[PDB]
Amino acid sequence: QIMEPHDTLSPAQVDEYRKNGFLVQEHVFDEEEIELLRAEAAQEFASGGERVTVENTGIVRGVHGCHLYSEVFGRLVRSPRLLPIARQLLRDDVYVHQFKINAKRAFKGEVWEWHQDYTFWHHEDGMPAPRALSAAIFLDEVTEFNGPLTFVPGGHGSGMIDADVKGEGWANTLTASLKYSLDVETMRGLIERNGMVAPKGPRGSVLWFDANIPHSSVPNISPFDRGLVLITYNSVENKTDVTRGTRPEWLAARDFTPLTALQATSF
Ligand SMILES: O=C(O)CCC(=O)C(=O)O
Ligand code: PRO
Ligand SMILES: [Fe+3]
C-alpha cells in the first residue's frame, strides 16, 4: 500500500514562516477527513471529563490531551501531512507538547486575550526555549466573522514579553481571562510597529504558528462554527524540564519519544 511521499515547505514558505511567525497551507485535509476529525472531536468533548473546559453559558469550550486518549488523534499527530513539516521547521525530531480542540460555536464564542503561548510553556511547564510551534487544523472555514486567530506579524522576534501574572495554580491557563496577558501598552507599541493579521482559509487548511507569536481572537457572530484542532510540536532537544513542571500530562507531555510517521497498513 502507499502513503503519499512526505511533502515539506518550500524555501519561500519557510522564509515567510520565520518572518511572519505564521503560515497557512490550504486544503491539507479533505471534507471526509475533516468530518472524521469533527466526529472524534465531539466524542472527546462528551467523554473527556476533567480534560474538558466550558464557557457564561457552560457551553463546551475546549478539550485537551486527546492524542493520549484517542487512536484517531494519536495517528493524526504522526500524519505525513504534518510531522515532516514540524521536523523541518524545528530542525529536529519532534514530539507533542500539547494538544487541544478549541470550539468557537456559531454566535457563541469568547474573547481570548492577547498572549504568547511560550510564556505559559516556559513558566508553567519548564520549556527552556521557544523552539516549538502549533499546527491549527480548520474544521470549518475561517473567515473575518467567526473569531479567527489574530496575530502580530513578526511579533515573535523580540522573544518572551513581560506579562501580568494573575493567580497561582493553572486553572486560568485555559480560560477567557488568562494567567499571562500582555501589557496594554506593550501591545499598542507592537501593533503600531507590526500591525495585526487574521489569516483566513477553507476547511481542511492548516495554520502553522510560532510558540512566541502574539495572538488573540474574538467571539463568533457568524451562524457557522469555528472548530480548531491545535497540535503543539516541540523539538526533542527542547524537551521540557519535568522537574520544573506544574501541570498534568494532558496539558504538558512528559514522554519525549521522537514521533515517527504513519505508514500504510491494510487496516
Ligand atoms: O481558539 C482560539 O481562538 C485561541 C486559542 C489559543 O490561543 C490557545 O488556546 O492558546
Ligand atoms: O495553557 C496553555 O498552555 C495554553 C496555551 C496558552 C493558553 N493556554
Ligand atoms: Fe494561544
Side-chain angles (χ1 to χ4, degrees), residues 4-30 34 76-77 79-98 100 102 112 114-119 121 127 129-144 146-161 182 186-187 189-218 226 228-238 259 261:
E4 292 165 41
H6 293 178
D7 294 312
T8 48
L9 293 187
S10 73
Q13 284 176 304
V14 171
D15 289 345
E16 170 181 349
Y17 177 79
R18 307 229 181 259
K19 175 179 185 166
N20 289 340
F22 63 95
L23 175 79
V24 177
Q25 291 182 291
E26 301 201 6
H27 296 308
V28 174
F29 299 103
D30 68 31
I34 294 295
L76 175 63
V77 303
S79 174
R81 300 299 200 127
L82 296 176
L83 179 62
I85 288 164
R87 285 170 171 186
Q88 180 184 21
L89 287 182
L90 297 186
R91 301 177 69 184
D92 196 5
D93 276 318
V94 302
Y95 74 100
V96 174
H97 171 63
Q98 177 174 101
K100 56 194 175 291
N102 285 350
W112 290 81
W114 282 106
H115 65 281
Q116 295 167 295
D117 291 339
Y118 172 61
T119 299
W121 299 335
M127 181 177 294
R131 191 185 177 180
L133 59 66
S134 294
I137 304 168
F138 295 3
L139 295 183
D140 306 285
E141 185 184 3
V142 169
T143 72
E144 182 168 2
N146 66 347
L149 254 36
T150 307
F151 300 93
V152 177
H156 57 312
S158 317
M160 230 193 338
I161 289 165
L182 281 178
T186 49
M187 275 308 318
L190 213 37
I191 292 166
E192 283 168 359
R193 261 142 22 231
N194 297 69
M196 270 178 303
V197 175
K200 313 309 194 293
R203 166 180 285 166
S205 303
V206 176
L207 168 61
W208 300 92
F209 62 96
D210 191 274
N212 237 352
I213 194 175
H215 52 284
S216 192
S217 68
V218 304
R226 188 227 67 175
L228 291 186
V229 176
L230 295 113
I231 308 169
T232 300
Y233 293 101
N234 188 27
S235 149
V236 166
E237 171 166 294
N238 190 53
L259 291 174

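Only this structure's heavy atoms are used, side chains among them; waters, hydrogens and symmetry mates stay out. This chain uses plain numbering: 1 for the first residue, then up along the sequence.
- Considering CD1 of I34 and CG of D140, their distance stands at 8.5 Å, rounded to 0.5 Å.
- The shortest side-chain heavy-atom distance between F22 and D210 does not fall under the 4.5 Å cut-off.
- Annotation: the span from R226 atom CZ to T143 atom OG1 amounts to 10.5 Å, rounded to 0.5 Å.
- Atom CD1 of residue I213 and atom CG of residue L133 lie 12.0 Å apart, to the nearest 0.5 angstrom.
- When atom types are taken as modelled, the side chain of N238 and the backbone of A129 share a donor-acceptor pair closer than 3.5 angstrom.
- Here the closest heavy-atom approach between residue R203 and residue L139 is recorded as NE-O, 3.0 Å.
- Remark: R18 engages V14, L89, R91 in a side chain to side chain contact (heavy atoms under 4.5 Å, CB included) (not counting sequence neighbours).
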Next item on the list: Step by step, work out the side-chain contact (heavy atoms from CB on, under 4.5 Å) result for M187 and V152.
Entry: CA-CA 9 Å; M187 275 308 318; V152 177; 3.7 Å; yes
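- For the pair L182/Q116, a side-chain contact is recorded, criterion being any heavy-atom separation below 4.5 Å from C-beta on.
- Contact of the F29 side chain with the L76 side chain is registered, since non-hydrogen atoms from C-beta on lie closer than 4.5 Å.
- Between atom CE of residue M127 and atom CD of residue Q98 there is a gap of 8.5 Å, rounded to the nearest 0.5 Å.
- With hydrogens and angles ignored, the 3.5 Å screen pairs no side-chain donor or acceptor of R131 with any backbone N or O of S235.
- Looking only at distances, a side-chain donor or acceptor of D92 sits under 3.5 Å from a matching main-chain atom of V236.
- With hydrogens and angles ignored, the 3.5 Å screen pairs a side-chain donor or acceptor of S216 with a backbone N or O of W112.
- Across every non-hydrogen atom of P214 and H156, the tightest pair is CD-N, 4.0 Å.
- With a 4.5 Å cut-off on side-chain heavy atoms, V94 and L83 count as touching.
- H27 pairs by the side chain to side chain contact (heavy atoms under 4.5 Å, CB included) definition with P202, not counting sequence neighbours.
- Proximity of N194 to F151: side-chain heavy atoms (C-beta onward) are nowhere separated by under 4.5 Å.
- Between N234 and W121, the closest side-chain pair of non-hydrogen atoms is not below 4.5 Å.
- Counted by atom type alone, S134 and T232 present one or more donor-acceptor pairs between their side chains at under 3.5 Å.
- The nearest pair of heavy atoms linking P84 to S79 is CD-O, 3.7 Å.
- Formation of a donor-acceptor pair under 3.5 Å by the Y118 side chain with backbone atoms of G159 is not found in this model.
- Taking all atoms of both residues into account, the shortest heavy-atom contact from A135 to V206 is CB-CG1, 4.1 Å.
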Under the side-chain contact (heavy atoms from CB on, under 4.5 Å) criterion, do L190 and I161 qualify, and how do the steps go? CA-CA 11 Å; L190 213 37; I161 289 165; 3.7 Å; yes
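- With rounding to the nearest 0.5 angstrom, the NZ atom of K19 is 9.5 Å from the CD atom of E16.
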With side-chain contact (heavy atoms from CB on, under 4.5 Å) as the criterion, how do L82 and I137 come out once you've worked through the C-alpha distance, each side chain's angles and the decisive distance to 0.1 Å? CA-CA 10 Å; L82 296 176; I137 304 168; 4.3 Å; yes
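- For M160 against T119, the heavy-atom pair with the smallest separation is CG-OG1, 3.3 Å.
- Between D117 and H215 the shortest side-chain heavy-atom distance falls below 4.5 Å.
- The two atoms that bring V77 and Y233 nearest to each other are O-OH, 2.7 Å, heavy atoms only.
- In this structure, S158 has no side chain to side chain contact (heavy atoms under 4.5 Å, CB included) partners at least two apart in sequence or on a different chain.
- In this structure, CG in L90 is found 11.5 Å from CD in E237, a value given to the nearest 0.5 Å.
- The side-chain heavy atoms of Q25 and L9, taken from C-beta on, include a pair separated by under 4.5 Å.
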